[PDB]
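This document contains two forms of one protein chain, each encoded as structure tokens and listed individually as structure 1 and structure 2.
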Structure 1
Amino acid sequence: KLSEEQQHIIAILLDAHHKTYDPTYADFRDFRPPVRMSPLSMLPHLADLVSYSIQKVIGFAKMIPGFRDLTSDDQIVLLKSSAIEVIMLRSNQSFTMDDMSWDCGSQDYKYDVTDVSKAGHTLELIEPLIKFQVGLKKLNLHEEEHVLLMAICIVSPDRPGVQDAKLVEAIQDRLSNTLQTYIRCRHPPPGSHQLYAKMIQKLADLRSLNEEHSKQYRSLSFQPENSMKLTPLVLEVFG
């Protein structure tokens, strides 16, 4: 029941994701090495991982149909506001419900609650992030749904600082209609509505995690000792 336009959107988003997400995690070898002894020994490594991820998210975004047709300032506000959410979302692909960690091809590049702690984040945030990862994994999303959800996340008309909310909504609506139809092609009612509703609740949760973080990254990076351990792109993006 997917039209050609809908199929073309999915195809573009699959390519973009495949181009910007290397399931071998080979590039990780070029980050500052992880250290698990040392206040914030994991901060250099995870800062490099976050920074790299921001670059990749930007790459994915630029391929979202219509995104690059937005103004430069709208593209920036959208990316600054969504980066962390898309990172979290995209990270579900490495996440495993075995031990509740992100497994990027080895023990050295396998990240757990304590690793994240040693990057300067409290368990109080870290735990809701793990829970989110669990809930998302349980959806057993198809890659088609996964990339649509990332794209919906980025092109949200309700992000602070957006000027042409209507244009951003026009893109988002096409993506949401594509996702809904794809879901319908896989699942009759009411399973279809159930799954969609859960995907929407995941985007709400990400907003919440985003808000909560901003307050935390404000106190972490406020410290000059910490901010110095980050990267230029991370400073630019997270203000």
Structure 2
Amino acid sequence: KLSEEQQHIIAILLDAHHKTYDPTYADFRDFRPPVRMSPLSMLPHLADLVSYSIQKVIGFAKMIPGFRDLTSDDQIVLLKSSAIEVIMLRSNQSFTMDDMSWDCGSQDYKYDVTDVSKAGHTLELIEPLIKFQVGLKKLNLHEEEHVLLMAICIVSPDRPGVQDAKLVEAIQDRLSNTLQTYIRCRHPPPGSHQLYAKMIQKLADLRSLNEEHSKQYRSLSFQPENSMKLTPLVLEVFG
């Protein structure tokens, strides 16, 4: 049932993810240091973390089968709109339900509600984000499923500004069908029960998170002294 084209897709995506996701988190040392101790104390560190994570999401995206047949303008629009969402999705790998934190290997790099709050965010974003993390983590995805969902998130044809939507859809459709078929052949029940649908629902939850994030961004953004603490990439991508 899983064709050779579909096995190839999955193998490309697993490797691309491995090339762009370091589970030792060694590069975190290059970020401006976190400060816990002060309302925006964590902002430099998390801005840096986000900025790096944008870079890695781009590196992953470039490797998506089909992505390179898209025009530059379309590449750009897909990345601008999906970046935060893929960062949210990829963060699930460090997210632990033990204490509802993202644990990047050491206490310095273990982030919780109060760390995020000290980056200029409120429960308007954080509560539904931790709920996302929890509900995503409970799906217990195979890594194969994880990378397919991130790819499907990026190659989304309804993002506004998209020119060649039909091309975006054919690409996305190839990855949806690979994901559908993978779950059927490799995901045993009961974990497979309604699993595609539950994954598609998470992409819907990410639309709402993206919305709220863009709103908090605009607010922070309006204060030139905080906007100063960001990075040039983050300013370019998040506007």
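Just so we're on the same page, residue numbers count up from 1 along structure 1's sequence. The term rigid core refers to the maximal set of C-alpha atoms that superpose within 1.5 Å between the two forms. Shifts are known only where both forms have a C-alpha.
- Among the candidates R186, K62, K198, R32, displacement between structure 1 and structure 2 reaches 2 angstroms at the C-alpha for one position only, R186 (superposition on the rigid core).
- Aligning the rigid core leaves the CA of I76 displaced by 0.3 Å between structure 1 and structure 2.
- In the core-superposed comparison between structure 1 and structure 2, the CA atom of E212 travels 1.4 Å.
- In sequence order, there is one run of three or more residues whose C-alphas all shift by 2 angstroms or more between structure 1 and structure 2, with the rigid core superposed, and it is 186-193.
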